[PDB]
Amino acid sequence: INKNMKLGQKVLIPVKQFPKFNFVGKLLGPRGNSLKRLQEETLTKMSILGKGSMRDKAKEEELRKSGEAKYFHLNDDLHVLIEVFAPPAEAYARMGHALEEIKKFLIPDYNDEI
């Protein structure tokens, strides 16, 4: 119950469902640091990964073709990888709180009628 443990969770960014919405720009923010704040606030690490995550389509296709394990993620769908390293109770709580906080960044059409 006391030792640091690692957890990781992929969250799909629904680009197919909402192709007109710029999820990456919305995640990173107007100055590009919104995701940095979100991480520091939640005590997690968050990385935007998958097809489209590099904002350089030539380079992305190059790294994917290399077969280096660092870039395996580029085979995947666009997503945020949330990672945490803390004792079990804190690790799960942090993840729960990060997953909650990230929801607003990923739903263009949230309900606003009752």
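In this text, residue numbers run from 1 along the sequence as written.
(request) Using only the Cα atoms and their B-factors as the entry lists them, report which of 63 to 71 and 39 to 47 averages higher. (result) In the deposited entry, the stretch with the higher C-alpha B-factor mean is 63 to 71.
(request) Pick between 54 to 62 and 76 to 84: the one whose mean CA B-factor in the entry is higher. (result) Between 76 to 84 and 54 to 62, it is 54 to 62 that shows the higher mean C-alpha B-factor.
(request) State the tercile, meaning the lowest, middle or highest third, of residue 10 with respect to the CA B-factors recorded for its chain. (result) CA B-factor rank for residue 10: lowest third.
(request) Taking the values exactly as deposited, rank residue 20 by C-alpha B-factor within its chain and report the matching third: lowest, middle or highest. (result) Highest third, going by the recorded CA B-factors of the chain.
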